[PDB]
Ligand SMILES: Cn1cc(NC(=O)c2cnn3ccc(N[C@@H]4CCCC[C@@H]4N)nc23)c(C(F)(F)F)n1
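We begin with a single chain expressed as structure tokens, specifically the form solved without the ligand.
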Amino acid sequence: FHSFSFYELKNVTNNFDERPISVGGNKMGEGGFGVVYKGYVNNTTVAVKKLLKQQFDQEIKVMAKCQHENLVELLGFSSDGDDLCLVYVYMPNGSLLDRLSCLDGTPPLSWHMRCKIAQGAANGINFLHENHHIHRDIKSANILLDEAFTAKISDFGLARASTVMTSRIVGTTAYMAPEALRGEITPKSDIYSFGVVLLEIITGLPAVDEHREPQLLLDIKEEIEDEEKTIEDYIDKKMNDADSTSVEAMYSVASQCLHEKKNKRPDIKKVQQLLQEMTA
């Protein structure tokens, strides 16, 4: 890794220019954790995530021995200055969540591209588990896309090494498995979360929408099993290259990932296979 000076990162981001890139600024994203500014360091654009001290330490401890094509890469950090910073490789295309909703006018993702993104994300989760790590916050917004739209799992601040139980329940409600919501800590929960992500990919719909029926995306699975609604009713209409065969196949994996009984769910390796056999 590599340490950085605070100002160093301040000057690189045009002095923490919180104005969006489309208007001429250096601001890429916000919410929670903090703002992520586009930096220019030696022609090497980076992602300056400015900020809790335990999570700043975890991300760096995890990024330490988990290097893979489908995981964001940690370049450096800044421990000096006021707010703590983290430097990752720059992810041009943002999050899968923002691309599924065509934020700022970006073109809808083709079905073909979505299949590769699902594959890439699964290979990422797989790597994390083979290394006995549990993400705990697998979701659409935590899947970033690079120039070639390669999926990269991000945000390891809540990540854990490894079934145990915790008193401090964390994650995102709309993506959380039953046992996870009760405080259980297990890789089986990442699979469930990924299942919700596969539904986002298929339908282009956000995990939760108050003005909607159902309000939680995960429940459309019951509407489909109760044959009161079909998968075709939910397929994202902002595509024209999605063959019914592989769409149903991805839905099959998604349905399996969303099984209420954590022991009834397939493991990541199985998820990898099915997704692979889906495009084969």
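Residue numbers run from 1 along the displayed sequence.
Omitted from view is the form solved in complex with the ligand, to which the following refers.
Among the residues 207, 91, 117, 198, the one placing a heavy atom within 4.5 Å of the ligand in the entry with it bound is 91. Heavy atoms within 4.5 Å of the ligand in the entry with it bound are found in exactly one of 198 to 206, 141 to 149, 176 to 184, 109 to 117, that being 141 to 149.
Mapping the unseen interface onto this chain, residue 28 counts among the residues with a heavy atom inside 4.5 Å of the ligand in the entry with it bound. Shown alone here, residue 36 lies within 4.5 Å of the ligand in the entry with it bound, counting heavy atoms only. Mapping the unseen interface onto this chain, residue 95 counts among the residues with a heavy atom inside 4.5 Å of the ligand in the entry with it bound. Contact check for residue 247: every heavy atom lies farther than 4.5 Å from the ligand in the entry with it bound.
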